Amino acid sequence: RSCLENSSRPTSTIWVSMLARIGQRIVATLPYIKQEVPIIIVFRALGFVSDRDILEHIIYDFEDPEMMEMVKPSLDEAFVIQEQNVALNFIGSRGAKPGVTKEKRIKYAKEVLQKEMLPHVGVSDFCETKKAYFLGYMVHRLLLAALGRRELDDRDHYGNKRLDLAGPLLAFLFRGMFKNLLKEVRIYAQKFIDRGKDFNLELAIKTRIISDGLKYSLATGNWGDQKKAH
Amino acid sequence: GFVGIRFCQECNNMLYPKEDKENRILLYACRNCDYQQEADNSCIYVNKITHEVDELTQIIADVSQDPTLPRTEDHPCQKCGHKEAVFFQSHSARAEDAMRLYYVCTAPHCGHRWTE
Amino acid sequence: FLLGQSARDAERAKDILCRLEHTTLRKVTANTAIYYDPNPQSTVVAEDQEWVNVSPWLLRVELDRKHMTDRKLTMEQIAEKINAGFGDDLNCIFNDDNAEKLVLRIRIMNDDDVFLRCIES
Amino acid sequence: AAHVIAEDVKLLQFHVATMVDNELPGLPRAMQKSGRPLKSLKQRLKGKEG
Amino acid sequence: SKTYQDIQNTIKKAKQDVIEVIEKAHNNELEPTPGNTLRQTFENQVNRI
Amino acid sequence: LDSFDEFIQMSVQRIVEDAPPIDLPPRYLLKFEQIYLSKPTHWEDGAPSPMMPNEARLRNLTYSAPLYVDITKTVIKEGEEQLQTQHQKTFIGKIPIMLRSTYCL
Amino acid sequence: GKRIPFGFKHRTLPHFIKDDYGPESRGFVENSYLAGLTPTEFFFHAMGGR
Amino acid sequence: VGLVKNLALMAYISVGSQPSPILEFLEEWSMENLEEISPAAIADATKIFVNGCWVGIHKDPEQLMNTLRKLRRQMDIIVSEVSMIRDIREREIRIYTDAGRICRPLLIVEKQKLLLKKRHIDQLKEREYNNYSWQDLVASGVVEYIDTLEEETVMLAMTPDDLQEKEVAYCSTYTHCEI
Ligand SMILES: [Zn+2]
Ligand SMILES: [Zn+2]
């Protein structure tokens, strides 16, 4: 569950899972993609065309052939995609809104690989070399749990849990309530520049968005808006 | 033993094993490249169904500075001859049936590990 | 519930137990190493057995003993089930029951490389 | 208008069906403009406390 | 107070018995019961004690 | 108390300094910055006076404090004539205060 | 049905030491309610009583 | 039952801090940054992980853990809530500064002694008569806020005398002691 720091984007979770079963193919369940994409396709989309270079991100010791023959089966799987661009077309061909032109699809699969998956490592212009390391670490840690070299994580361990006190509980509200009022001052600048007159904000600032969203959720207990309280 | 991935030399991609159907030899050609290099292992895929693993290969020597790990003075090292040693069980998932102990010398620059 | 004399002795009740439990090859096998040994008398390995029995790729499969006996199986029946399950498209060349290692050898005879892997799974 | 009649009856269908079944799979639940879904005739006698 | 002594002695003999089962298994002499792994025959001997 | 004080002192000036500036025919800038907060007051036919929690409890009020932000409007158009008609302390809303925090009376 | 499980990494509480199968380290309460329970076995007695 | 819980008396939930003076410190030790590293040098080197982000590689993790810990025990760059976990068996140092991590204070134990010596008891008995308090025990480096992901590598003694005395050995490497 990757999250940045109280961003207006919520948490966004990858999944680098491995299939039951050739056998032993690793997939990836990126966000904003409906199907799943094998991982070497992602490492090529992030921009690593060579095969040794994906593997240096996944396997730090090339000297134990124990973990080499575990990622071969997925390395043979995507031998059909070899450059970055057909690789983006693979992921971009799967979105929620798949673009009708190819170029729309690569603009999609380049935007989800820079802001939707793994944001905490970075959402900048060039962070693929460290989203690549942190992805290869997720695969590597999966291969350790499958080779049996490391015990699986316990969902109940309190080290794996955070408590949301009255601070984040409220900064989760005050983001949505502060986006609603920028949607209000938007429409109010709109109905007013289009008459070509000039627009004023004192009347555009709807004060009853904060003052009443807070007071509502703190009164009923429903942590949301009143329109979607069930 | 095993086989590793042996990578191409031109494109640094993975070489497949391919039998040379004329001279009767085993090659490794590429998919992206046309690189043929001549094999030597004459073994392609191996598979340990027993999954026989030696744990002494996985033990790092850095365990000896673990405050939370029991210490004996009844098994001394063999390279150095220190008296202190830490000991632990396989500490691995997939431990088949063994509660065997492993020792590490608790003396820096040694990290000798052994099993009794 | 065991019927006759098997009901008393634990020895003759134990082979019933063997004749009912599911044993596949994975329970008795230890190491599966496919090879491209071209000339079957060449045998990239130390084995003088083929040279008494006489495709270039094999499946040296070395079995287990304390798993092969605790179910009481001989290589004749494995060799027979091994060609009866796949017919006459293969030619198993088993070891003897005097050697220390329990090795089988398969070879096809009649996309070819992966096929010994496909049938060994 | 021989084209709007189609939309008129699609919405008539939605209303007459969520009158007797408010929970449909994959269909928007008829809510009251307070924001709460309705209690159709099927819900008045569906489960416990029907 | 004689019963307290009888009890403390039983309990110390028991903590002592499980230490030897642990030694045996730590040196690989606890042979598995036919029908159980090692960690189950161990846990069974311990829970019996 | 520490969680709330940290919400008030950092997390509010963080939620509002990173929301992007809105624009819209020429278009404007409208940027938010530098928030402030006051102590709970009541009539802020009346006069602003501090509500004491026990008075807020007895009249069924809501012990809250009002929030102000300083918004610089930049509407810019043809002829390259922009004004940063900046609106100081613009009311945003009222934020309820946790009793015996650093911002309670 | 088992003894107290290894909830931390290879130990049941942080007081014990890694890989401790002994009786006290896995939940065997050896006091009585008249003598009272030691701190660790107060906790294990609660894990059980839950 | 079991879903609604309660804090224990001395649990503190950490409120959160910025990881930037840690990132800045670690940079000017002997780290090596993740983007200027040869992928062949991660094998024998512990990986550093600030707040879930793998930022760096370090070739010597017994000097970081001892420096990072000295530096919390003085309350200077690392605030007292930050928790540094060192996993020995896999080569990982994880540093958390974020919020919502529940922690609790533990006495510190150096060799077999506590650090809480009779001065602190006497100065602390004369609080409210001048101005000595709990924050001086934390700043002086006597108690520590250890939390649950870091509590998995402490070796904790329950009472201080009786578990840090001399018998047949139970551990003799305690690192904390309970209040
Ligand atoms: Zn090549
Ligand atoms: Zn040594």
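Listed as the method for this PDB entry is cryo-EM; the listed resolution is 3.1 Å.

Student: Got a sec to walk through the coordination of the zinc ion (ligand 1)? Specific residues and values, please.
Tutor: All names here are of chain B. Coordination sphere of the zinc ion (ligand 1), protein contribution only: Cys8 (SG), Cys11 (SG) and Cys30 (SG), at 2.2 to 2.8 Å. When the donors of the zinc ion (ligand 1) are listed by position in the chain, the intervening gaps give C-x2-C-x18-C. Judged by relative accessible area, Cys8 falls into the buried class, the value being 1%.

Student: So what's going on with the interface of chain H and chain G? Residues and values would help.
Tutor: Each side of the interface is counted separately: chain H has 14 residues, and chain G has 11 residues. Roughly 1,100 Å² is buried in total at the junction of chain H and chain G, and carbon and sulfur atoms are behind 55% of that figure. Across the chain H-chain G interface, the total number found is 1 salt bridge. Here the residues of the side of chain H that touches chain G are counted per class, giving 7 nonpolar, 2 polar and 5 charged.

Student: I'd like a description of the nonpolar core, backed by residues and values.
Tutor: In this structure, A:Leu30, A:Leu55, A:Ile58, A:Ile91, A:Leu113, A:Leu143 and H:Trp54 are the most contacted members of the largest nonpolar core, which totals 56 residues. When residues of this core are traced back to their parent elements, those giving at least two are helix 1 (39–45), helix 2 (51–58), helix 3 (65–75), helix 4 (84–92), helix 5 (102–116) and helix 6 (128–146) of chain A together with strand 3 (53–58) of chain H. At 8 residues, the largest contribution of residues to this core is made by helix 6 of chain A. Once you skip the residues sitting within four places of it in the chain, A:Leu30 turns out to touch A:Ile14, A:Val37, A:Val42, A:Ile91, A:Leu113 and A:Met117.

Student: Give me the lowdown on helix 8 (residues 210–220) of chain A, citing residues and values where you can.
Tutor: The set of residues buried in helix 8 of chain A consists of A:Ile210, A:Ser211, A:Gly213, A:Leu214, A:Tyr216 and A:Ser217. Tucked inside the fold, the buried residues of helix 8 of chain A contact helix 7 (168–193) of chain A together with strand 4 (83–96) of chain F. One or two positions beyond helix 8 of chain A, positive phi appears at A:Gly221, with a value near 100°.

Student: Could you give me a rundown of the coordination of the zinc ion (ligand 2), with the residues and numbers involved?
Tutor: All names here are of chain B. Protein-derived ligands of the zinc ion (ligand 2) are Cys77 (SG), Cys80 (SG), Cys105 (SG) and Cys110 (SG), with the metal-ligand distances lying across 2.1 to 2.3 Å. All donors to the zinc ion (ligand 2) come from one chain, and their sequence spacing reads C-x2-C-x24-C-x4-C. With a gap of 25 residues between them, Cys80 in the loop between strand 5 (71–72) and strand 6 (85–88) and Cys105 in strand 7 (residues 102–105) connect regions that are remote in the sequence. For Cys80, a relative accessible area of 44% puts it in the partly exposed group.

Student: Quick rundown of the interface of chain F and chain A? Include the residues and the values.
Tutor: At the interface, 29 residues of chain F touch 30 residues of chain A. It is F:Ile15, F:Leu24 and F:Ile92 that lose the most area in chain F upon contact with chain A, and together they represent 23% of the buried surface on that side. Viewed at the interface, chain A and chain F are joined by 2 salt bridges. Among the ionic pairs, A:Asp198 bridges to F:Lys73, the shortest N-O distance being 3.9 Å. The interface formed by chain F and chain A holds 4 residue pairs in polar contact in total. Listed by contribution, the elements that provide at least two residues to the side of chain F that touches chain A are helix 1 (2–15), strand 3 (64–76) and strand 4 of chain F. Here the element with the most residues in the side of chain F that touches chain A is strand 4 of chain F; it accounts for 8 residues. For the side of chain F that touches chain A, the class distribution of residues is 19 nonpolar, 6 polar and 4 charged.

Student: Quick one: what's the story with the pattern of salt bridges, residue by residue and with numbers?
Tutor: In a structure, side chains of opposite charge can pair up when their charged atoms sit close to one another. Throughout the structure, instances matching the rule amount to 33 salt bridges over all chains. H:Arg72 is the salt-bridge partner of H:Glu144, the closest N and O atoms lying 2.9 Å from each other. Residue H:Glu144 is found in strand 7 (residues 143–147), and its partner H:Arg72 is found in helix 2 (residues 61–72); the two are separated by 72 residues along the sequence. For the pair H:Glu144 and H:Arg72, a shared accessibility class is recorded, and that class is buried. Through salt bridges with shared partners, a single network forms among A:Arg162, H:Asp98, H:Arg101 and H:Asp147.

Student: Residue-level account of the packing of aromatic side chains, with values.
Tutor: Counted by the stated rule, this structure contains 22 aromatic pairs over all chains. Following the ring pairs from residue to residue traces out a cluster consisting of A:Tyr60, A:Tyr133, A:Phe134, A:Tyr137, H:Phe49 and H:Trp54. Lying across the ring of B:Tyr28, B:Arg6 places its NZ or CZ 5.7 Å from the centre. Directly above the aromatic system of G:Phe6 lies the positively charged group of G:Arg26, at a separation of 4.5 Å from the ring centroid.

Cut-off values and rules
- Residues numbered from 1 in each chain as written, not as in the entry; some residues may be left out.
- Chains lettered and ligands numbered in written order.
- Part of a larger assembly, values for the part shown.
- Heavy atoms only, no water.
- Donors = N, O, S within 2.8 Å, 3.2 Å for Na, K, Ca; no water.
- Buried < 20%, exposed > 50% of the residue type's maximum accessible area, 1.4 Å probe, protein only.
- Contact = heavy atoms within 4.5 Å.
- Buried area = accessible area lost by both parts, 1.4 Å probe.
- Salt bridge = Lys/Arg side-chain N within 4 Å of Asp/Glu carboxyl O.
- Nonpolar A, V, L, I, M, F, W, Y, C, P; charged D, E, K, R; others polar.
- Core = buried A, V, L, I, M, F, W, Y, C linked by side-chain atoms within 4.5 Å.
- Helix = DSSP H or I, 4+ residues; strand = E, 2+ residues; numbered from the N terminus.
- Polar contact = N/O pair within 3.5 Å; in protein donor to acceptor, adjacent residues only side chain to side chain.
- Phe/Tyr/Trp six-rings, centres within 6.5 Å; stacked < 30°, edge-to-face > 60°.
- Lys NZ or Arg CZ within 6 Å of the ring centre and 35° of its normal.

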